[PDB]
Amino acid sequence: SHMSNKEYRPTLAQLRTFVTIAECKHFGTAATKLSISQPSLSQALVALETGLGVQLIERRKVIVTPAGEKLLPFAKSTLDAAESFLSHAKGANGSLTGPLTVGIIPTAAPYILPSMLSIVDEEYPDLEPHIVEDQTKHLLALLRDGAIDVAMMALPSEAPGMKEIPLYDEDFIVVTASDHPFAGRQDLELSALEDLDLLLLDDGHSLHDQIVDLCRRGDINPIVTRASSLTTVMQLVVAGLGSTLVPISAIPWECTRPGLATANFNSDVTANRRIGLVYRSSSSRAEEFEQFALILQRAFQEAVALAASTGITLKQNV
């Protein structure tokens, strides 16, 4: 590498050739991957190797040299930085264009995603959404570190550096085995919770805590079976091991399987969660996140309509 060409600067195209060959271990496969001829591929590689004064590949199969193996991570970092520049460029210019990483709590995500993603695909076609489904405490940590842009969770977040956009109040519904005496009742009082063996998600889920708070309002303790997802809880409910409460957006996805019935509290009882969009108060993207909020409010209305389409009677309020 004293035979280095001093003014020589590698191009991204040359680096792509190197990385591709290192990964494919065949010139022909590498060339087809890059949509170029084998002579073009070899010219790019030889230009790189001559420019650097370092042999990167030993020409029956392609083997990376010791030098090539040591430089491969630096080449990859360059290509990754360039891809990140290009992706960001799509977002810099407009509102809701380019990457947006959205954190969502597990008891909202699967039920809001179909409508949110369909609206985005049709109305914001340059948006590149990335979805991180995780519990609240992890989403707040990812928000603080910048690993996600916004988080959809229950409010209040009680997280000091954050702004909150209220989206909607989502009612709960009681879910029981088909043969349970509350099946189909629409007039329960809060005190009816005393008569249920509640099966709850573990303490890491905000839905656990919300159900426990509901029991408190009614002066009842909510309290060995631990479940990590609503679909597992539904199987336990079908099997007669207990009852639960789910958000109404879950209805079409969780509560239509055979062996379940539903019930609601009366009009005077409040049994809901407040969902909101949370982001770093230092962010300059308030305007975009406010537009995203409108999408989520529309998506929820569609999820609620999907719930009503099942025929399952929903909570009435006032």
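Numbering starts at 1 and runs along the sequence shown.
- According to the entry, the stretch of the deposited sequence that connects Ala92 to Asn93 contains no residue lacking coordinates, so the chain runs unbroken between them.
- Deposited sequence between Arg59 and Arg60: 1 to 3 residues lack coordinates.
- Taking the mean C-alpha B-factor of each stretch as recorded, 212-220 and 72-80 are not equal, and the higher mean is that of 212-220.
- Higher average CA B factor: 201-209, of the stretches 201-209 and 168-176.
- In this structure the maximum Cα B-factor among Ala67, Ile275, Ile63, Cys255 is found at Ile63.
- Comparing the listed residues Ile36, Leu260, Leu52, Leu45, the entry records the largest Cα B-factor for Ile36.
- When the modelled residues of the chain are ordered by their C-alpha B factor, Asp195 lands in the highest third.
- Ranked within its chain, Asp134 lands in the lowest third, by CA B factor from the PDB record.
- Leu236: CA B factor lies in the lowest third for its chain, per the PDB record.
- Among all modelled residues in its chain, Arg298 ranks in the lowest third by Cα B-factor.
- Ranked by Cα temperature factor within the chain, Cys24 sits in the highest third according to the deposited record.
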